[PDB]
Amino acid sequence: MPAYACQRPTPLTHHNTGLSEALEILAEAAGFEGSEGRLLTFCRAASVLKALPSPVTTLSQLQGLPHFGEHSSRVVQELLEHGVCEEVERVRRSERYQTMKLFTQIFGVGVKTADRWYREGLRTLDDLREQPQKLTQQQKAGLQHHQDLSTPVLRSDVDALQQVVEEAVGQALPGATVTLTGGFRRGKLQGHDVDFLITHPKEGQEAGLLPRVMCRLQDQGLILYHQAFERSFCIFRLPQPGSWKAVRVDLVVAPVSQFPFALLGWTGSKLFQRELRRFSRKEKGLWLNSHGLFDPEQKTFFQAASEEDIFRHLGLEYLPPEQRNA
DNA sequence: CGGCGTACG
DNA sequence: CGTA
DNA sequence: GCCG
Ligand SMILES: Nc1ncnc2c1ncn2[C@@H]1O[C@H](COP(=O)(O)NP(=O)(O)OP(=O)(O)O)[C@@H](O)[C@H]1O
Ligand SMILES: [Cl-]
Ligand SMILES: [Cl-]
Ligand SMILES: [Cl-]
Ligand SMILES: [Mg+2]
Ligand SMILES: [Mg+2]
Ligand code: NA
């Protein structure tokens, strides 16, 4: 088992679901406390279990697995022995965890804002609605739409949204294309949002595109919330039988020269990309982002025509999106 | 011990 | 600060 | 919290 998540296939569904879920509770709680290092180790240990070919049934099967030391092994041991880990259950029922989860789930609220509100004594969404002076426009929208945004986006919803975006994109710039990215491209059947990547086959024609797209979607009455730009984090009005629901949609524009890097970056998973960028820098001495891959010795950028090119550049076996579910 | 992804709005 |  |  290699040490980086980008070195091994990780399927969406696997054989250690309960164990990985428990470790990811501890990772999430670490993040709520600002402990980024412990968050990473618990995320990585969870991801290792996702990549295994069969269930862990005995503690000895953790020997030699990367990112399993005393703490993560004890968590697994307790789950195997008793079906529950006391530390995990204590986190789950704690007021701190439940409120930080509730607050950081709001669009426009991160850990730092959630934590300040927690320390001020705030605990519920209605607590926030009662003091709207303390809210940004973005947070106001996130709170108004919170119930709809808490409902999973279905793969069956994605196709309708993509046609709508393609219509506006085609008027904004004929020939521009729309590619589904994010979790749905990795095979997920549900999501928290829909992520789209937009480009044009003629380098440079994509300049200034996203304002033109957003103006057209807004004119069609489809935009419940949005903020020159190349990323847009929106709330869309999605038709439903006899009504509609609010859905988060992310739009990103990239020039075609950067499209493989942007596709790779925006297809995720989040942990897969962090691990990939960590691997690139630490093992290969190359700097990776959603725009390119930089050699800081030669001061040159790698040209890539595909995701396959990028994996080859980095000396990694290619993983299709369905195996990037780290 | 230092390191832990990397951008844009 | 938020967001991907 | 774990790796190197
Ligand atoms: N913090 C991050 N660091 C690096 N890449 C990230 C980060 N957040 C998001 N991304 C990239 O943006 C993609 C879309 O982000 P999302 O926040 O939309 N997560 P996604 O994988 O789509 O699952 P859902 O919760 O939406 O169902 C991710 O899959 C990553 O490729
Ligand atoms: Cl470029
Ligand atoms: Cl590609
Ligand atoms: Cl980036
Ligand atoms: Mg998504
Ligand atoms: Mg998104
Ligand atoms: Na949030």
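Below, chains carry the letters A, B, ... as their sequence lines are ordered, and counting in each starts from 1. FYI, side chains are in, hydrogens and waters are out, and symmetry mates aren't considered; it's all heavy atoms of this structure.
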Colleague: Which nucleotide in the list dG2(C), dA4(C), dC4(B) gets nearest to the side chain of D250(A)?
Modeller: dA4(C)

Colleague: Without decimals, in angstroms, what is the distance between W287(A) CH2 and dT6(B) P?
Modeller: 9 Å

Colleague: Can you check whether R281(A) has a side-chain N or O nearer than 4.0 Å to OP1 or OP2 of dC4(B)?
Modeller: no

Colleague: To the nearest Å, how far apart are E87(A) CD and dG1(D) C1'?
Modeller: 11 Å

Colleague: Does a nitrogen or oxygen in the side chain of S280(A) sit under 4.0 Å from OP1 or OP2 of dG5(B)?
Modeller: no

Colleague: Between P on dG5(B) and CD on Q273(A), what's the gap in Å once rounded to a whole number?
Modeller: 12 Å

Colleague: With a 3.5 Å distance limit and no angle check, can you tell me whether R44(A) reaches the backbone of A5(A) through a side-chain donor-acceptor pair?
Modeller: no

Colleague: When you measure from the side-chain N and O atoms of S72(A) to the phosphate of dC2(D), is any distance below 4.0 Å, counting only OP1 and OP2?
Modeller: yes

Colleague: Does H226(A) put a side-chain nitrogen or oxygen below 4.0 Å from OP1 or OP2 of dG9(B)?
Modeller: no

Colleague: Enter the distance from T17(A):OG1 to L49(A):CG here, rounded to the nearest 0.5 Å.
Modeller: 10.0 Å

Colleague: Between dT3(C) and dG5(B), how far is it from one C1' atom to the other, in whole Å?
Modeller: 15 Å

Colleague: Report yes or no: do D127(A) and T124(A) form a side-chain donor-acceptor pair below 3.5 Å?
Modeller: yes

Colleague: Does a nitrogen or oxygen in the side chain of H67(A) sit under 4.0 Å from OP1 or OP2 of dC2(D)?
Modeller: no

Colleague: Do the charged groups of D219(A) and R216(A) touch, with an N to O distance under 4.0 Å?
Modeller: no

Colleague: Of all the choices, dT6(B), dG1(D), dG2(C), which nucleotide is nearest to the side chain of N289(A) once you look at every atom?
Modeller: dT6(B)

Colleague: Does any part of the side chain of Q61(A), heavy atoms only, come nearer than 4.5 Å to the side chain of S54(A), both counted from C-beta?
Modeller: no

Colleague: Which residues satisfy the salt bridge (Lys or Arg N to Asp or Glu O under 4.0 Å) test with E230(A), sequence neighbours excluded?
Modeller: none

Colleague: Take atom CE of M1(A) and atom P of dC2(D), then tell me their distance rounded to the nearest Å.
Modeller: 16 Å

Colleague: Rounded to the nearest Å, what distance is computed from the CG atom of residue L263(A) to the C1' atom of nucleotide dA7(B)?
Modeller: 17 Å

Colleague: What nucleotide among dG2(C), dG5(B), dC2(D) has an atom nearest to a side-chain atom of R278(A)?
Modeller: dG5(B)

Colleague: From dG2(C), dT3(C), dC8(B), pick the nucleotide closest to the side chain of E230(A)?
Modeller: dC8(B)

Colleague: Between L288(A) and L210(A), which residue's closest nucleotide on DNA chain B lies nearer the 5′ terminus?
Modeller: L288(A)

Colleague: Counting side-chain heavy atoms from CB outward, which of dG9(B), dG5(B), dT3(C) is closest to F107(A)?
Modeller: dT3(C)

Colleague: Can a side chain N or O of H291(A) be found less than 4.0 Å away from OP1 or OP2 on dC8(B)?
Modeller: yes

Colleague: Any heavy-atom pair between the side chains of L286(A) and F302(A) that's under 4.5 Å?
Modeller: yes

Colleague: Expressed as a whole number of angstroms, how long is the span from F272(A):CZ to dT6(B):P?
Modeller: 15 Å

Colleague: Is a donor-acceptor pair below 3.5 Å formed from side chain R277(A) to base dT6(B), judging by atom type as modelled?
Modeller: yes

Colleague: Rounded to whole angstroms, how far apart are CZ on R274(A) and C1' on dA7(B)?
Modeller: 13 Å

Colleague: Sort me out a list of protein N/O and nucleotides 1-3 of chain B N/O pairs below 3.5 Å, or just none if empty.
Modeller:
residue : atom : partner : partner atom : Å
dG3(B)  : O3'  : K282(A) : NZ           : 3.2

Colleague: Any side-chain N or O of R231(A) under 4.0 Å from OP1/OP2 of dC8(B)?
Modeller: no

Colleague: For the side chain of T41(A), counting heavy atoms from C-beta on, which of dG4(D), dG9(B), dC2(D) is nearest?
Modeller: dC2(D)

Colleague: Which listed nucleotide (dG9(B), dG5(B), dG2(C)) is nearest to the side chain of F229(A)?
Modeller: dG9(B)

Colleague: Could you give the CD-to-P distance, from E275(A) to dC3(D), as a whole number of Å?
Modeller: 12 Å

Colleague: Do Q144(A) and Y225(A) have side-chain N/O donor and acceptor atoms under 3.5 Å apart?
Modeller: no

Colleague: Report the residues that fulfil side chain to side chain donor-acceptor pair (under 3.5 Å) with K188(A), sequence neighbours left out, ordered by chain and then residue number.
Modeller: none

